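Beneath this line is the structure, given in structure tokens, with notes to follow.
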There are 2 protein chains.
Amino acid sequence: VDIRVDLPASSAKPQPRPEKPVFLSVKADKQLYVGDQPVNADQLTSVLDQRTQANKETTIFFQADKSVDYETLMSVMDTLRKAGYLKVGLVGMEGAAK
Amino acid sequence: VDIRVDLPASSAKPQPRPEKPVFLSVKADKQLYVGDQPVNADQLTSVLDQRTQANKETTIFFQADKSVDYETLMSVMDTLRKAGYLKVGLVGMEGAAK
């Protein structure tokens, strides 16, 4: 799949803090965390739906740890995509935690 | 920085194969590769400009290896962003190589 990422230049945000902002995180132990909720990919879409109130065009800014692997991380976001989440969010260098 | 990623549902592409598609890659050794050109982040934007012909709204689909770390990968894309590359591309599970 060819995914388009819209990067904002000079410290900005294409999403001006959406109405229902959900913070997803992948920690060093490759563990998915939705705020204060530890989840697996299969349960990710479930808790996510409870977060965005089923809004699938909500940009889920994921805070991944510097030591998470790309297959784990992509497996997570691949899961959001199939849930209908057409918008995920890259936290540059994990420089924006919850 | 809050970056918006537009994921296509049911195997699609928001970018219908742009005029000048550039394929960036981060290999398991955390080495940046632009097609057949091994580069560092500082030289990435240089070769990229030669690829997209200075077009900074070109979606650079990066093929990262499953074992690349998120800080390496983001350091790469962070570098594209400052170059003016407002569009990078997530290759889902590295399932689309050059």
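Residue numbering restarts at 1 for every chain of the structure tokens, chains are lettered A, B, ... in their displayed order, and ligands are numbered from 1 as they appear.
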Write out, as a Markdown table, each residue of chain A that has an atom at most 7 Å from chain B, together with the closest pair of atoms and their distance in Å to one decimal, counting only C-alpha atoms, rows going by chain and rising number.
```
| residue | atom | partner | partner_atom | distance |
| --- | --- | --- | --- | --- |
| A:1 | CA | B:92 | CA | 5.7 |
| A:2 | CA | B:13 | CA | 4.9 |
| A:3 | CA | B:90 | CA | 5.0 |
| A:4 | CA | B:89 | CA | 5.0 |
| A:5 | CA | B:5 | CA | 4.2 |
| A:6 | CA | B:87 | CA | 4.8 |
| A:7 | CA | B:86 | CA | 4.4 |
| A:8 | CA | B:86 | CA | 6.0 |
| A:9 | CA | B:81 | CA | 5.9 |
| A:11 | CA | B:1 | CA | 5.7 |
| A:12 | CA | B:1 | CA | 6.2 |
| A:13 | CA | B:2 | CA | 4.9 |
| A:14 | CA | B:4 | CA | 6.2 |
| A:15 | CA | B:4 | CA | 6.6 |
| A:59 | CA | B:4 | CA | 6.6 |
| A:65 | CA | B:70 | CA | 6.9 |
| A:66 | CA | B:71 | CA | 4.5 |
| A:67 | CA | B:69 | CA | 5.4 |
| A:68 | CA | B:70 | CA | 5.9 |
| A:69 | CA | B:69 | CA | 5.1 |
| A:70 | CA | B:66 | CA | 4.9 |
| A:71 | CA | B:66 | CA | 4.5 |
| A:74 | CA | B:93 | CA | 5.8 |
| A:75 | CA | B:93 | CA | 6.9 |
| A:78 | CA | B:92 | CA | 6.8 |
| A:81 | CA | B:9 | CA | 5.9 |
| A:82 | CA | B:9 | CA | 6.2 |
| A:84 | CA | B:9 | CA | 6.4 |
| A:86 | CA | B:7 | CA | 4.4 |
| A:87 | CA | B:6 | CA | 4.8 |
| A:88 | CA | B:5 | CA | 5.0 |
| A:89 | CA | B:4 | CA | 5.0 |
| A:90 | CA | B:3 | CA | 5.0 |
| A:91 | CA | B:2 | CA | 5.9 |
| A:92 | CA | B:1 | CA | 5.7 |
| A:93 | CA | B:71 | CA | 5.7 |
```
Running DSSP on the backbone, which parts of chain A land in helix (DSSP H, G or I), as a ChimeraX atom specification?
/A:41-51,70-83,92-94
Export of prior selection with N, CA, C and O atoms as a short mmCIF file (atom, residue, chain, number, x, y, z; two decimals), in the first residue's frame:
```
data_model
loop_
_atom_site.label_atom_id
_atom_site.label_comp_id
_atom_site.auth_asym_id
_atom_site.auth_seq_id
_atom_site.Cartn_x
_atom_site.Cartn_y
_atom_site.Cartn_z
N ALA A 41 -2.82 -5.35 18.88
CA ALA A 41 -3.33 -4.81 17.62
C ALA A 41 -4.79 -5.20 17.42
O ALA A 41 -5.62 -4.37 17.02
N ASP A 42 -5.12 -6.44 17.73
CA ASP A 42 -6.47 -6.96 17.52
C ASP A 42 -7.49 -6.24 18.41
O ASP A 42 -8.68 -6.18 18.09
N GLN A 43 -7.01 -5.68 19.52
CA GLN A 43 -7.89 -4.96 20.44
C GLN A 43 -7.72 -3.45 20.28
O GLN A 43 -8.48 -2.67 20.84
N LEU A 44 -6.74 -3.07 19.48
CA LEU A 44 -6.41 -1.67 19.25
C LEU A 44 -7.59 -0.93 18.65
O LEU A 44 -8.01 0.11 19.15
N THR A 45 -8.15 -1.51 17.60
CA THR A 45 -9.25 -0.90 16.89
C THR A 45 -10.49 -0.80 17.77
O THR A 45 -11.36 0.06 17.55
N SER A 46 -10.56 -1.66 18.77
CA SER A 46 -11.69 -1.69 19.68
C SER A 46 -11.63 -0.51 20.64
O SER A 46 -12.60 0.23 20.79
N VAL A 47 -10.48 -0.33 21.29
CA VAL A 47 -10.30 0.77 22.22
C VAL A 47 -10.26 2.10 21.47
O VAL A 47 -10.79 3.10 21.94
N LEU A 48 -9.67 2.08 20.28
CA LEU A 48 -9.62 3.25 19.42
C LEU A 48 -11.01 3.77 19.10
O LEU A 48 -11.27 4.97 19.19
N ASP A 49 -11.91 2.85 18.75
CA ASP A 49 -13.28 3.22 18.42
C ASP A 49 -13.96 3.87 19.62
O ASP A 49 -14.80 4.76 19.47
N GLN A 50 -13.55 3.46 20.81
CA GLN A 50 -14.08 4.04 22.05
C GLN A 50 -13.44 5.40 22.31
O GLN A 50 -13.99 6.23 23.03
N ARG A 51 -12.26 5.61 21.74
CA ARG A 51 -11.54 6.86 21.91
C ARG A 51 -12.07 7.93 20.96
O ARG A 51 -12.41 9.03 21.39
N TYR A 70 10.19 -1.33 13.00
CA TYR A 70 9.30 -0.84 11.95
C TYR A 70 8.19 -1.83 11.62
O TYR A 70 7.10 -1.41 11.23
N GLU A 71 8.43 -3.13 11.80
CA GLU A 71 7.40 -4.12 11.50
C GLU A 71 6.33 -4.11 12.59
O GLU A 71 5.14 -4.20 12.29
N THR A 72 6.75 -3.98 13.85
CA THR A 72 5.80 -3.81 14.95
C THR A 72 4.95 -2.57 14.72
O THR A 72 3.73 -2.64 14.70
N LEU A 73 5.63 -1.45 14.54
CA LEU A 73 4.96 -0.17 14.39
C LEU A 73 3.99 -0.18 13.21
O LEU A 73 2.85 0.28 13.33
N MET A 74 4.43 -0.71 12.08
CA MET A 74 3.59 -0.76 10.90
C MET A 74 2.46 -1.75 11.06
O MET A 74 1.38 -1.53 10.54
N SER A 75 2.70 -2.82 11.81
CA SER A 75 1.66 -3.80 12.08
C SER A 75 0.54 -3.13 12.88
O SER A 75 -0.65 -3.41 12.68
N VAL A 76 0.93 -2.22 13.76
CA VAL A 76 -0.01 -1.45 14.55
C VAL A 76 -0.86 -0.53 13.66
O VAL A 76 -2.09 -0.54 13.73
N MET A 77 -0.19 0.23 12.81
CA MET A 77 -0.87 1.21 11.97
C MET A 77 -1.63 0.54 10.83
O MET A 77 -2.66 1.04 10.37
N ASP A 78 -1.12 -0.60 10.39
CA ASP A 78 -1.81 -1.43 9.39
C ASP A 78 -3.16 -1.86 9.95
O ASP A 78 -4.16 -1.94 9.23
N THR A 79 -3.18 -2.10 11.25
CA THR A 79 -4.38 -2.51 11.95
C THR A 79 -5.39 -1.35 12.05
O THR A 79 -6.59 -1.55 11.90
N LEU A 80 -4.88 -0.15 12.28
CA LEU A 80 -5.74 1.03 12.32
C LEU A 80 -6.38 1.27 10.96
O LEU A 80 -7.57 1.60 10.87
N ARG A 81 -5.59 1.08 9.91
CA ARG A 81 -6.05 1.29 8.55
C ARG A 81 -7.26 0.42 8.22
O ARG A 81 -8.25 0.90 7.66
N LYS A 82 -7.19 -0.86 8.58
CA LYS A 82 -8.28 -1.79 8.28
C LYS A 82 -9.51 -1.50 9.13
O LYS A 82 -10.62 -1.93 8.81
N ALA A 83 -9.31 -0.76 10.22
CA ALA A 83 -10.41 -0.35 11.08
C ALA A 83 -11.16 0.82 10.46
O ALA A 83 -12.27 1.14 10.86
N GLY A 92 7.29 13.19 15.51
CA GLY A 92 8.68 13.33 15.12
C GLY A 92 9.65 13.08 16.26
O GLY A 92 9.69 13.84 17.23
N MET A 93 10.40 11.98 16.16
CA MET A 93 11.45 11.64 17.12
C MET A 93 10.89 11.51 18.54
O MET A 93 11.57 11.85 19.50
N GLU A 94 9.65 11.01 18.63
CA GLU A 94 8.91 10.88 19.90
C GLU A 94 9.06 12.13 20.77
O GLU A 94 9.11 12.05 22.00
#
```
Computed interatomic separation between atom CA of residue 23 of chain B and atom CA of residue 35 of chain B (Å)
5.8 Å
What is the distance, in Å and to one decimal place, between atom CA of residue 97 of chain B and atom CA of residue 63 of chain A?
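Computing it gives 26.0 Å between the two atoms.
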Fewer than 2 positions away in the same chain doesn't count, so skip those; otherwise give me all residues within 7 Å of residue 20 of chain B, counting only C-alpha atoms, as a PyMOL selection string.
chain B and resi 18+22+52+58
Could you jot down the atom CA of residue 54 of chain A to atom CA of residue 26 of chain A separation for me, Å, one decimal place?
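If I compute the distance from atom CA of residue 54 of chain A to atom CA of residue 26 of chain A, I get 21.3 Å.
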Those in segment 24-90 of chain A with strand (DSSP E or B) from DSSP, as a list in words
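Selecting the strand (DSSP E or B) positions of segment 24-90 of chain A gives residues 24, 25, 26, 32, 33, 34, 37, 38, 39, 60, 61, 62, 63, 64, 69, 87, 88, 89 and 90 of chain A.
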I need the residues from that last selection saved to file as a PDB file, in the first residue's frame (with C-alpha atoms), if you can.
```pdb
ATOM      1  CA  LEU A  24      -1.521   5.915  20.687  1.00  0.00           C
ATOM      2  CA  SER A  25       1.901   4.710  21.760  1.00  0.00           C
ATOM      3  CA  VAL A  26       4.269   1.861  20.990  1.00  0.00           C
ATOM      4  CA  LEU A  32       0.674  -0.886  22.245  1.00  0.00           C
ATOM      5  CA  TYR A  33      -0.677   1.740  24.638  1.00  0.00           C
ATOM      6  CA  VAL A  34      -3.718   3.909  24.027  1.00  0.00           C
ATOM      7  CA  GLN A  37      -4.837   1.370  28.069  1.00  0.00           C
ATOM      8  CA  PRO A  38      -2.414  -1.476  27.179  1.00  0.00           C
ATOM      9  CA  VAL A  39      -3.694  -3.229  24.064  1.00  0.00           C
ATOM     10  CA  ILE A  60      -4.253   9.022  15.851  1.00  0.00           C
ATOM     11  CA  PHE A  61      -0.892  10.502  16.837  1.00  0.00           C
ATOM     12  CA  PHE A  62       1.207   7.526  17.830  1.00  0.00           C
ATOM     13  CA  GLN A  63       4.123   8.006  20.160  1.00  0.00           C
ATOM     14  CA  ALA A  64       6.557   5.228  19.383  1.00  0.00           C
ATOM     15  CA  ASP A  69      10.919  -1.870  15.220  1.00  0.00           C
ATOM     16  CA  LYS A  87      -5.394   9.162   9.459  1.00  0.00           C
ATOM     17  CA  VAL A  88      -2.532   8.253  11.775  1.00  0.00           C
ATOM     18  CA  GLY A  89       0.024  10.689  13.161  1.00  0.00           C
ATOM     19  CA  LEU A  90       3.815  10.605  13.174  1.00  0.00           C
TER      20      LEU A  90
END
```
